[PDB]
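The figures here come from the full heavy-atom set of this structure, side chains too, leaving out hydrogens, waters and symmetry mates. Chain identifiers are assigned alphabetically (A, B, ...) following the order of the sequence lines, protein sequences preceding nucleic acid strands; residue numbering begins at 1 within each chain.
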Amino acid sequence: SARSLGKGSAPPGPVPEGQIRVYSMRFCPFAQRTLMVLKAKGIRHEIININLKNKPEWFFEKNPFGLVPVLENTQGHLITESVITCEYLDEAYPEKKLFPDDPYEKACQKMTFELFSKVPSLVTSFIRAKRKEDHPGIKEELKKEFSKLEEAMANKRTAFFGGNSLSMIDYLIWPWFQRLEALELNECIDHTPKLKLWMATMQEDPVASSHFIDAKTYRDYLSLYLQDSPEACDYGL
Amino acid sequence: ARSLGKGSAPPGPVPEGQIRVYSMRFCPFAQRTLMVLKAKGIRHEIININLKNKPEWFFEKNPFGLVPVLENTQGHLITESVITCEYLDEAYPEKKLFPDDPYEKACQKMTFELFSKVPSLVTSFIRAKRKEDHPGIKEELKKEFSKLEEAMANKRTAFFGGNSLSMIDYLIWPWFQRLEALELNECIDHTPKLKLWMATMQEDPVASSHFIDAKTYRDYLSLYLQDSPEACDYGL
Ligand SMILES: N[C@@H](CCC(=O)N[C@@H](CS)C(=O)NCC(=O)O)C(=O)O
Ligand SMILES: N[C@@H](CCC(=O)N[C@@H](CS)C(=O)NCC(=O)O)C(=O)O
C-alpha cells in the first residue's frame with residue numbers, strides 16, 4: 001500500500017538483505033499471484049508499486065516490456081512473468097512448497113492450470129470493450145472456459161484445484177475469480193456450482209484475501225485506468 | 001508406424017522400463033516430446049493417432065483428444081506438450097535440458113514466453129484461404145519473430161538458453177523447421193541470428209530425426225485441411 005513510483009522517481013536502492021523485491025501494482029491480478037505466493041511462503045519482501053500509466057523510465061531497466069510483476073533479488077537477478085516468478089519462488093525458496101513434489105502430481109496441476117489459460121485475455125477484452133454495449137460474445141466465451149473449470153473440479157471432487165489443501169494452482173487462477181463481482185460478470189458463473197463454492201472457500205484463506213478491494217473502489221480504478229489516468233494505480237490510497 | 005484409428009485395438013499396457021507417447025508424425029507439439037524423449041535416451045514406444053479418424057479409446061487417454069499424451073508403465077497420463085517435456089526432465093534427470101539455477105531456468109522460461117503466440121499464428125496462417133492467405137498474419141509473425149531475434153542478439157549465444165542445446169531450443173524448434181514448407185520464409189528475412197540458429201538446429205541429430213521434406217509436409221497439410229483419414233499416415 002505504498003504510493004507507486006512514476007516518471008521522474010529515484011530508482012530504488014539495492015534490495016535489502018534477507019529480502020526479495022517485487023515490482024507490483026495494487027490492482028494487477030498477475031502481480032497478485034506473486035504477492036500471494038510471496039506471502040503464503042513467508043518470504044521477506046519489499047513491494048515497489050509501479051505507476052503503469054506514468055512509468056518511471058528506469059523501470060524499463062527492470063523489465064524491457066514494462067509490465068509487472070517483476071522480481072529483483074539481493075543478487076540483482078530480474079525475473080519476469082507472473083507464472084514464472086511464482087515458479088522461481090517455489091524453487092529458489094524451497095521452504096513451504098506450493099507445488100507438489102511428485103512430477104506426475106505437479107504435472108497434473110499444470111494441466112489443470114491450462115484450463116484457465118484463456119481467461120485473462122477474455123476478462124481483459126471484456127474490460128476494454130464499449131461500456132454501454134453489453135457484449136454477450138465475450139461473456140459466452142468465459143462461460144465455456146469456466147465450464148471446463150467447473151467440470152475439472154467436479155472430477156477431482158476436492159476442495160481446491162490441486163487437491164485437498166491450497167496449492168499453487170489456486171493462487172494462480174484466483175485473482176480473476178475474485179474480480180468477477182466488481183466486473184459484473186457473476187452470470188458467467190451461474191452454471192458453475194463447484195466454482196462458486198471454491199470462490200467462497202478462497203475468501204477465507206488469509207492470503208487470498210489479504211489485499212481485498214471492495215467492488216466499488218475497483219470499478220472506479222478501472223474507470224481511471226481505461227482513461228490512462230496517472231492516478232489509477234494509486235487510487236484508494 | 002501406421003496411425004491407430006477408429007475400430008483399432010487399444011494398445012496393451014505400457015511395457016516396464018518404457019514410457020508410451022501418443023503422437024502424430026507431423027504434429028509440431030508432439031515433436032517436442034519426441035525430441036525430448038530422444039535427446040534424453042529415454043526408452044519409449046510411439047503410438048501415432050489418426051487425428052482425422054480418432055479411435056474412440058483415445059479419449060480415455062485424453063478427454064480432449066489431442067496429442068501428445070504420455071503414458072507410463074504405471075498408467076499415469078500426462079497431457080500438453082510443454083508439460084510432458086517438463087515432466088520428462090523431472091522424472092529422468094539423465095541429460096538435463098533445463099538448467100539447475102532457478103534464475104537461469106526462469107531466464108529460459110522467460111525466453112520461451114516470446115514464442116507463445118507463434119503456434120496459434122501459424123495455425124491461423126495454415127487454415128486461411130489458400131489463394132490470398134493474409135499478409136496481416138505474416139506481419140504478426142514478423143513482429144513476434146522480432147522479439148526472438150532481438151532476444152538472441154541480446155544473449156549473443158549459439159542457442160537460446162546459452163551455448164549448448166537447451167529445452168528452450170527444442171520447445172520452439174518445430175515451428176521454425178516448418179517455415180520452409182509453409183512458405184513463411186519471408187517472416188524471418190530481418191532475423192539474421194534466427195536463420196543462423198535454424199541452420200544449426202538442422203545439424204543437431206535430434207532436431208533432424210525423421211526428417212520431413214517440405215513437399216511431403218505440404219501434401220500432409222493438404223490432406224489434413226480436407227479431413228482426410230490418410231493425412232496422418234501419408235508418406236509411409
Ligand atoms: N503475462 C504477464 C502479464 C502482466 C501484465 O499484463 N501486467 C499489467 C498490469 S495487470 C501491466 O504491467 N500493464 C502495463 C502495460 O501493459 O503497459 C504476466 O503474467 O506477468
Ligand atoms: N496445446 C496442445 C496442442 C496439441 C495439438 O493441438 N495437437 C494437434 C496435432 S498438431 C491435435 O492433436 N489435433 C487433433 C484435433 O485438433 O482434433 C499441446 O501443446 O499438447
Side-chain angles (χ1 to χ4, degrees), chain A residues 1-12 22-36 47-70 80-83 85 116-129 135-143 145-146 173-189 209-237, chain B residues 113 116-117 136 139-140 143 147:
Chain A
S1 53
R3 298 280 228 105
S4 72
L5 278 67
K7 198 166 188 99
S9 58
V22 56
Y23 297 89
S24 188
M25 200 274 276
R26 294 157 45 251
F27 299 97
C28 177
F30 301 100
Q32 192 184 344
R33 292 170 161 172
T34 320
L35 287 186
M36 292 189 301
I47 308 175
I48 299 246
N49 284 308
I50 294 294
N51 193 324
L52 301 181
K53 297 301 185 176
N54 189 30
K55 288 163 182 179
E57 328 79 342
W58 56 255
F59 179 66
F60 291 91
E61 300 212 52
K62 308 294 172 165
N63 183 343
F65 297 104
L67 264 45
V68 294
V70 176
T80 261
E81 296 294 324
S82 56
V83 176
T85 65
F116 183 76
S117 68
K118 301 287 190 67
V119 169
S121 280
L122 266 8
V123 171
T124 298
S125 289
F126 179 80
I127 292 169
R128 298 175 62 75
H135 192 197
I138 293 168
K139 287 207 261 213
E140 287 301 324
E141 271 169 310
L142 276 159
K143 285 183 191 187
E145 306 319 310
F146 289 165
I173 80 179
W174 166 237
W176 286 264
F177 283 95
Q178 146 175 102
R179 290 158 166 72
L180 290 191
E181 184 201 353
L183 298 167
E184 307 191 8
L185 291 166
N186 258 344
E187 81 188 28
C188 297
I189 53 95
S209 64
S210 303
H211 306 93
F212 170 69
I213 314 159
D214 56 76
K216 191 181 72 273
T217 305
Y218 197 86
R219 281 185 283 255
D220 295 335
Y221 145 78
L222 281 181
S223 292
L224 299 173
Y225 201 85
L226 295 172
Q227 295 306 124
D228 298 329
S229 161
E231 287 68 53
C233 291
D234 287 309
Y235 176 80
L237 289 180
Chain B
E113 259 280 327
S116 68
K117 299 188 175 69
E139 273 295 327
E140 273 172 314
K143 269 174 217 178
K147 291 174 275 192

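Environment of CZ in A:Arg219: crowded, with over 12 heavy atoms of neighbouring residues, nucleotides or ligands closer than 6.0 Å. Atom CD of A:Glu57 is surrounded by more than 12 heavy atoms from other residues, nucleotides or ligands within 6.0 Å.
Atoms CD1 and CG, from A:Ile50 and A:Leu67 in turn, are 11.5 Å apart once rounded to the nearest 0.5 Å. Taken to the nearest 0.5 Å, the CD atom of A:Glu81 stands 9.0 Å off from the CZ atom of A:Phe30. To the nearest 0.5 Å, atoms OH (A:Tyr218) and OH (A:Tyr225) are separated by 10.0 Å. Taking NZ from A:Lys53 and CG from A:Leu226, the interatomic distance works out to 7.5 Å, rounded to the nearest 0.5 Å. Taking CD from A:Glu145 and NZ from A:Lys118, the interatomic distance works out to 5.0 Å, rounded to the nearest 0.5 Å. To the nearest 0.5 angstrom, A:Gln178 atom CD is 7.0 Å from A:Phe212 atom CZ.
Two residues are said to be in side-chain contact when any heavy atoms from C-beta on lie closer than 4.5 Å; A:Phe65 and B:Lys147 meet this criterion. Within the 4.5 Å cutoff, the side chain of A:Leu183 has no heavy atoms near those of the A:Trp176 side chain. The shortest side-chain heavy-atom distance between A:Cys188 and A:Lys143 falls under the 4.5 Å cut-off.
Listed for the A:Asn49 side chain is no donor-acceptor partner under 3.5 Å among the backbone atoms of A:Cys233. With A:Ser125 contributing its side chain and A:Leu122 its backbone, the two residues share no donor-acceptor pair below 3.5 Å.
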Is there a side chain to side chain contact (heavy atoms under 4.5 Å, CB included) between A:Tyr23 and A:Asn63 once you walk through the steps?
CA-CA 10 Å; A:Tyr23 297 89; A:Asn63 183 343; over 6 Å; no
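Contact detail for A:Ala2 and A:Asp234: the closest heavy-atom pair is O-OD1, 4.3 Å.
Taking the six-membered ring where the residue is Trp, A:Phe146 and A:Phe177 present tilted rings, their angle falling between 30° and 60°.
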